[PDB]
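Presented as structure tokens, the chain that follows is alone, the form deposited in one PDB entry.
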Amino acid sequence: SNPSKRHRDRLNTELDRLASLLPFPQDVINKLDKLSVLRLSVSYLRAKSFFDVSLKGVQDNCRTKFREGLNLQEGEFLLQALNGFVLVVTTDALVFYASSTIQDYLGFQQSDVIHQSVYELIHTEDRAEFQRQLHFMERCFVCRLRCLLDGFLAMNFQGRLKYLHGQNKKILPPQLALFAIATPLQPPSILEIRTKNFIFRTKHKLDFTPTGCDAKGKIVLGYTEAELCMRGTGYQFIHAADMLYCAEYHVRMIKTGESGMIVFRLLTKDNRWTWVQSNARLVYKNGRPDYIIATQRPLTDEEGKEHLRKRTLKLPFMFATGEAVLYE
């Protein structure tokens, strides 16, 4: 024995007793280091002190035991419905709290991000922006955060600035912390996953009214066969930036029986635009045109916009972008 080791052993005993009380699974506690043990102890104390002043059930008229069990998980239900994660950030850019679902979206463990500088999770070029959002109260912005999943993920932050009580700063008044929900982003376009050789054929009347469709077509466009023939001609499906090109190539097909390769956008059943490279042929009957057979291959947004940049003809509305709907 010797005094220094005895004091160190007394300190380590206290540290391990602190670790055994942290509200984490023991497989998480066992692989913690002393520094993060103290860090998350401080985090737990600060959270409890805030909830002691800020915080505090189905109607007794609407009380059933199944509803009570659902109410006791209402928090986790909201968290799972978030489609993202919770983030509470102090004025010092410290992560006051982060929900577990952050691991599902960024790959970071909750126990490693709590009480740490939030800038470590945010892209450098965006950090300044976040700081300007940390200092009316309602906030709505966008930031790219580090993503370890399988390098960065842009995320919409929707939140508010509220006073973080019970922090015992030195006695300082409470500072404005950001309570926010972080969600992913949205594009309005359908790119195939198994893009390669997903060629689908569609049958049309002479006015390009759909009459038949194969399975891959029903998968790409999202309509059933009956739904595809109840919305008028195919021009109701075509992006307004492509209608004149499609009309020109329809004239070409009427004149010579073949239309040629044309790149244009079709409206899904989700009211999204999907790029297709198509070729419309005319089938005949007793020497007179009978119906159209169009064989299309879905394209990515990249190839689609490249084709639009290399457009044959210059036509009005060529670079127009917008949303559409379709009725019967």
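Note that residue numbering follows the sequence shown and begins at 1. Rigid core (definition): largest C-alpha set, two forms, superposition within 1.5 Å.
The next section is about a form of this same protein that is not shown, the form deposited in another entry.
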Identity of the moved residue from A81, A226, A215, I193, C-alpha shift 2 angstroms or more, core fit between this form and the one not shown: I193
Inter-Cα distance between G322 and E192 in the other form, nearer or further [3 Å or more]: closer
Note on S189-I199 C-alpha separation in the other form, which departs from the shown form by 3 angstroms or more: farther
